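Visitor: My questions all concern the structure below.
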Amino acid sequence: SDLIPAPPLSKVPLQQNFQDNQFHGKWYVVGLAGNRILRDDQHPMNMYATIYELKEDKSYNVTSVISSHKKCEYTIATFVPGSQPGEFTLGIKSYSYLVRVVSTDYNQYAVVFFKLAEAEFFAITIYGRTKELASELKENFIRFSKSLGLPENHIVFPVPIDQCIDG
């Protein structure tokens, strides 16, 4: 009932001149924020990875690699190009899961916005090509998250782990 509402899209910047063939590859989830995310230091979240492999039709095969129970879990989703370069939708379509790459330098970090309208939520991740990022980037990430209505207890920085995410 106090669930923070998804911000209007006009508040979520789009990385201009988005280069799909430079955003591809592996990204580590260094920071994660969302209206369903609740920080709990007694139960830190383990870092996981997401791999974006550009397909021939300009869509992405998106693989998430997560560690749980001493095993490595792999899940896949297809991100289909949206209304603008840098925007994507989850996969059918009956005439609402939205993905927007907000900002990235392609070889260090990437901030990505996710929105699922109807189960509902919005989240923001800051990816890193490695498991760590400069404090300034993370602080900028916290500010962007707040600016979207997410207070600090709705932001977590997954703990870097070595099992399953280094491929």
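Ordering of the structure tokens sets the chain letters (A, B, ...), residue numbers begin anew at 1 in every chain, and ligands are numbered from 1 in the order given.
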Need to verify the contact set: stretch 100-108 of chain A, 8 Å, only C-alpha atoms, exclusion of same-chain residues closer than 2 positions in sequence. Can you return it as a PyMOL selection string?

Guide: chain A and resi 12-15+22-23+86-88+98+110-114+128-130+133

Visitor: Once DSSP has gone over the backbone, tell me which residues of stretch 9-145 of chain A are in alpha helix (DSSP H), as an MDAnalysis selection string.

Guide: chainID A and resid 20:23 135:145

Visitor: Apply DSSP to the structure's backbone, then extract all residues of stretch 29-63 of chain A labelled strand (DSSP E or B) and return them as a list in words.

Guide: residues 29, 30, 31, 32, 33, 34, 46, 49, 50, 51, 52, 53, 54, 60, 61, 62 and 63 of chain A

Visitor: Using atom CA of residue A:43 and atom CA of residue A:141 as the two end points, give the distance in Å to one decimal.

Guide: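 About the pair atom CA of residue A:43 and atom CA of residue A:141: they are 21.6 Å apart.
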
Visitor: Between A:164, A:142, A:51, A:148, which is the closest to residue A:76 once you count only C-alpha atoms?

Guide: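 Comparing A:164, A:142, A:51, A:148 against residue A:76, the winner is A:51.
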
Visitor: Fewer than 6 positions away in the same chain doesn't count, so skip those; otherwise give me all residues within 8 Å of residue A:39, counting only C-alpha atoms, as a PyMOL selection string.

Guide: chain A and resi 153-156

Visitor: Quote the spacing between atom CA of residue A:166 and atom CA of residue A:72 in Å to one decimal place.

Guide: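 Result for atom CA of residue A:166 versus atom CA of residue A:72: 10.8 Å, one decimal.
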
Visitor: Could you give me, as a ChimeraX atom specification, the residues within 10 Å of residue A:149, counting only C-alpha atoms and dropping anything in the same chain fewer than 3 positions from it?

Guide: /A:4-7,34-35,143-146,152,154

Visitor: So which one's closest to residue A:55, A:32, A:131, A:42, A:24? Using only C-alpha atoms, please.

Guide: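 So, comparing all the options, the nearest one is A:24.
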
Visitor: Find the spatial neighbours of residue A:118, counting only C-alpha atoms, within a cut-off of 9 Å - ignore same-chain residues fewer than 3 positions away - and output them as an MDAnalysis selection string.

Guide: chainID A and resid 96:97 121
